[PDB]
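**Student:** One structure, pasted below without further comment.
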Amino acid sequence: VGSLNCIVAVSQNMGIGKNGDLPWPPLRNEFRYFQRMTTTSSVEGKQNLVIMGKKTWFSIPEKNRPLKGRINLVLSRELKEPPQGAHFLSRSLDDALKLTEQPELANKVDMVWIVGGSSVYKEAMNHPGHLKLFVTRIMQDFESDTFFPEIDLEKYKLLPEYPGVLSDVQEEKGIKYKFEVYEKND
Ligand SMILES: NC(=O)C1=CN([C@@H]2O[C@H](COP(=O)(O)OP(=O)(O)OC[C@H]3O[C@@H](n4cnc5c(N)ncnc54)[C@H](OP(=O)(O)O)[C@@H]3O)[C@@H](O)[C@H]2O)C=CC1
Ligand SMILES: COc1ccc(Sc2c(C)c3c(N)nc(N)nc3n2C)cc1
Numbered sequence: 002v003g004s005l006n007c008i009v010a011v012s013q014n015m016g017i018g019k020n021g022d023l024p025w026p027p028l029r030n031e032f033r034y035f036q037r038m039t040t041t042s043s044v045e046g047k048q049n050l051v052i053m054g055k056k057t058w059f060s061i062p063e064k065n066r067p068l069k070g071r072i073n074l075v076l077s078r079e080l081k082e083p084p085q086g087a088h089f090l091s092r093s094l095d096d097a098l099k100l101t102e103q104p105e106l107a108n109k110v111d112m113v114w115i116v117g118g119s120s121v122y123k124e125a126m127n128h129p130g131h132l133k134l135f136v137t138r139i140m141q142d143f144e145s146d147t148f149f150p151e152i153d154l155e156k157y158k159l160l161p162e163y164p165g166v167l168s169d170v171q172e173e174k175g176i177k178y179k180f181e182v183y184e185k186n187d
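In the UniProt record's numbering, the protein residues as written are 2 to 187.
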């Protein structure tokens, strides 16, 4: 099992969702960006695992579930089996990570990508260890009802470049945004 990572797109006021969808209109190249980063594995003959909360899962369009070419794991204490289309079900972040260390997944999983929502991100970001955050900064305020947790810059270093990630400002549908990579190790 290799790297543990978070990926998120967030607005200036730290919003990541509204009524079970994104706070901004669909940004095609940003979704493609998300798809490329979570799918691509450096170790041949392996796949990345994506871990999400239940409400994240149901937010993804049915036709795109499971996220293709990745192992899909959903977090829930209420569910008793994985949702239709999901691959795995765990009851805690600890459990999900324990699981990747079982003999089955052990040698099938490269990168693990936490893709949301707020409470999964919170726990991961505040747990000791080597962790990257891939952060798309939507450069506007947008009305939101769910929020990215605080990034402690004493611990998370913004990297000045990262291979496969554009540094310059992007824009689609008149919304400007940029990509960022943070790393801590503690
Ligand atoms: N802009 C972006 O990058 C992203 C946007 N989103 C958006 O943000 C929102 C997702 O919202 P959010 O409310 O944070 O929902 P989550 O996807 O985190 O789902 C919350 C539920 O998942 C389960 N859960 C969460 N953490 C754990 C855990 N550690 N262990 C076991 N179960 C857990 C619980 O379900 P149960 O009650 O069954 O135990 C909880 O009610 C949506 O609006 C979505 O569109 C989501 C990801 C990224
Ligand atoms: C590809 O089909 C999908 C449908 C909905 C979502 S929700 C989403 C998430 C969870 C997401 C993320 N973690 N990081 C970035 N940079 N963009 C994202 N989006 C848009 C993600 C994928």
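We treat Cβ as the ideally placed atom computed from N, Cα and C, and that holds for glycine.
Measuring CB to CB, does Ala87 end up less than 8 Å from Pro67?
**Tutor:** In the sequence shown, the residue the question calls residue 87 occupies position 86. In the sequence shown, the residue the question calls residue 67 occupies position 66. Taking 8 Å as the Cβ cut-off, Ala87 and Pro67 qualify as a contacting pair.
**Student:** Flag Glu173 as yes when its Cβ comes closer than 7 Å to any non-hydrogen atom of ligand 2, and as no otherwise.
**Tutor:** Numbered from its first residue, the sequence shown carries residue 173 at position 172. Outside the cutoff, so no.
**Student:** Which one of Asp95, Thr57, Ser77 has the shortest CA to CA distance from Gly18?
**Tutor:** Reading the sequence shown from its first residue, position 17 is the one you call residue 18. Of the candidates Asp95, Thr57, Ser77, the one whose C-alpha sits nearest the C-alpha of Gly18 is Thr57.
**Student:** Fully enclosed by the region 4 to 77, which beta strand (DSSP E) runs are 3 residues long or longer?
**Tutor:** For the region 4 to 77, whole beta strand (DSSP E) runs of length 3 or above, ordered along the chain, are 5 to 11, 16 to 18, 48 to 54, 72 to 76.
**Student:** Would a C-beta distance cut-off of 8 Å place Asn30 and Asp146 closer than the cut-off?
**Tutor:** Position 29 of the sequence shown, counting from 1, holds the residue named residue 30. Position 145 of the sequence shown, counting from 1, holds the residue named residue 146. It is not a contact, given that the beta carbons lie outside the stated cut-off.
**Student:** Quick one: what's got a C-beta closer than 7 Å to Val166's C-beta in the same chain, skipping five residues either side?
**Tutor:** Taking the first residue of the sequence shown as position 1, residue 166 is located at position 165. For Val166, where only same-chain residues beyond five positions count, the Cβ hits under 7 Å are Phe180, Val182.
**Student:** Once the 5 residues before and after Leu94 are set aside, which same chain residues still bring their CB inside 6 Å of it?
**Tutor:** As a first step, residue 94 is located in the sequence shown; it is residue number 93 there, counting from the start. These residues qualify, in order along the chain: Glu124.
**Student:** Check each candidate in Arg37, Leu76, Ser91, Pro27 and name the one with the smallest Cα separation from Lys69.
**Tutor:** Indexing the sequence shown from 1 puts residue 69 at position 68. The candidate whose alpha carbon is nearest that of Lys69 is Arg37.
**Student:** So, helix, strand or coil for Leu134, using DSSP?
**Tutor:** Counted from its first residue, the sequence shown places residue 134 at position 133. Strand, per DSSP.
**Student:** Using DSSP with H/G/I as helix, E/B as strand and the rest coil, what is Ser120?
**Tutor:** The count along the sequence shown starts at 1 and reaches residue 120 at position 119. The answer is helix: DSSP assigns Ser120 an H, G or I state.
**Student:** Once you ignore the five residues that flank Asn186 on each side, which residues in its own chain have a CB closer than 6 Å to its CB?
**Tutor:** Counting from 1 along the sequence shown, the entry for residue 186 is found at position 185. Around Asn186: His131.
**Student:** Okay, do the region 152 to 161 and the region 46 to 56 touch, 3+ Cβ pairs below 8 Å being the bar?
**Tutor:** Short answer: they don't touch.
**Student:** What would DSSP say about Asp96, mapped onto helix, strand or coil?
**Tutor:** Residue numbering aside, residue 96 sits at position 95 when the sequence shown is read from its first letter. Here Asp96 sits in helix by DSSP.
**Student:** For the candidate residues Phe148, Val121, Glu144, whose alpha-carbon lies nearest to that of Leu5?
**Tutor:** Mapped onto the sequence shown, residue 5 falls at position 4. Closest by alpha carbon: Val121.
**Student:** Whose C-beta lies closer than 8 Å to the C-beta of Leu80 among residues of the same chain, with five residues either side of it excluded?
**Tutor:** In the sequence shown, the residue the question calls residue 80 occupies position 79. Same-chain partners within the cutoff: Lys55, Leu90.
**Student:** Rounded to the nearest angstrom, what separates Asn108 and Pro24 at their Cα positions?
**Tutor:** Along the sequence shown, one-based indexing puts residue 108 at 107. Along the sequence shown, one-based indexing puts residue 24 at 23. Each residue's alpha carbon lies about 37 Å from the other.
**Student:** Where does the unbroken alpha helix (DSSP H) through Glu105 begin, and where does it stop?
**Tutor:** Counted from its first residue, the sequence shown places residue 105 at position 104. Start and end: 104 to 107.
**Student:** To which residues of the same chain is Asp169 closer than 8 Å at the C-beta, ignoring the five residues directly before and after it?
**Tutor:** Your numbering for residue 169 matches position 168 in the sequence shown. These residues qualify, in order along the chain: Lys179.
**Student:** Which of helix, strand or coil does DSSP assign to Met140?
**Tutor:** The sequence position of residue 140 within the sequence shown is 139, counting from 1. DSSP places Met140 in coil when its eight states are reduced to three.
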